[PDB]
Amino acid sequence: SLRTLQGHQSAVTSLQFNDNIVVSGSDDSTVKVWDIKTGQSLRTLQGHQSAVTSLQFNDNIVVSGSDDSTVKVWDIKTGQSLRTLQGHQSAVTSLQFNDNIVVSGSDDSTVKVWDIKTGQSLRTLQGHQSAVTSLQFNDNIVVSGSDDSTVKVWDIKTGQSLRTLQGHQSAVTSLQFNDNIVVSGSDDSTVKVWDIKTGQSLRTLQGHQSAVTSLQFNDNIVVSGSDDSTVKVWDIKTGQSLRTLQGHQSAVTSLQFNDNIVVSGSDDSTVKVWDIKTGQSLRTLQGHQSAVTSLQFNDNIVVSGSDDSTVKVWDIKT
C-alpha cells in the first residue's frame, strides 16, 4: 500500500485510474477525481441523487451512471456537469462510451444509445424482460446481458435485435465479447462461450459451485471469479478447467489479468495477486476494512475500491 484515498462517505462502487488520475464512484452520490501520487482529491463531481453505480472517463470527460436512473457527462478540468441523459425509468447498471456514443443499460430492462453532444436518445433497445446487468459495444454491435438469463446482440444503428442467446438458467452477471466470440457468466454458476454470428453455444464451462461474478478472456484463456470464493482458469478452445486459484475466504467480486498475472478482489476485504501458470498466490494485499468491490492494475500498481468507502493504491511487488 502506497496511499489511501479518503473522502467518500460510503462504499466505492466503480473505479478507473488511467494515467495519473483515479476517478471513483460512490454510494454517496458523488464522483471523485483523485491525484494518485499524493493521494489528494482534485474535484468532487456532485449532481447525482443516489448511488453512482458505474463510470468511464477519457482525458477530458467523465460519464457516470447512477441509481437515480440518469447518466451524467462531466468535465474533469472543471468538475461541472455538461449534460444529464434522462430517459431511463430506474437505476443505470452498466455504461460504456465510445467517442460519440454512450450506451447505457438499466433496471428498466432497456438499453439506450445516446450522443455526448446533444444529450438526445438515439435509440431505445427493447427486448430484455428484466434488468440489463452488463453490456459492451463496438462501432456496429451491442451485446447485453440481463437478469432474464439471456444475452442479446443488437445492431447499434437501427435498434433491431439480431439474435438472443438462450442457455443460461439464471441472471447473466458478466459479459465480454471480442471478434466473433462472446463469453458470459451467470448466476447458475456456469460460463458459456457463444458465437455471435450464429447465436450458437460453442461451450459451457462448469466447475464453479455458485454464481459467476466476473470474467475476462483473451484469444486462448478465460479467467472467472465466483461467489464460491475461487478463481478459475479455463481454456476457451476446449472446456477444460486448467486450474483453480484458492485462497479467498468469500466471494470474488472483481478480477483482471494482464500477461501472466491475475489480480482478484474479494468480500474478505483482501486483494490477491496470482500467477496464471503455476496457480500460486504471489501476494495478499491487506488493509481494506470491508469487501473489495472494484480494482484495476497496470504493470506496477493496483488501485482497489472497497465497501469501507476508501480507494487504496498498492504496489504490485508489495
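The first residue of the shown sequence is 1; numbering continues from there.
- With 255-263 and 50-58 compared on mean CA B-factor from the PDB entry, the stretch scoring higher is 255-263.
- Higher mean CA temperature factor between 112-120 and 126-134: 112-120, per the PDB entry.
- Of all the options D107, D139, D227, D147, the entry's greatest CA B-factor is assigned to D139.
- Per the deposited record, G199 carries the highest C-alpha B-factor of all listed residues (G199, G247, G207, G185).
- When all modelled residues of the chain are sorted by CA temperature factor, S14 is found within the lowest third.
- Among all modelled residues in this chain, the alpha-carbon of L42 has a temperature factor (C-alpha) in the highest third.
- Placement of the Cα temperature factor of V31 within the chain: lowest third of the modelled residues, per the deposited record.
- Sort the modelled residues of the chain by CA B factor and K277 lands in the highest third.
- The deposited CA B-factor of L5 belongs to the middle third of values across its chain.
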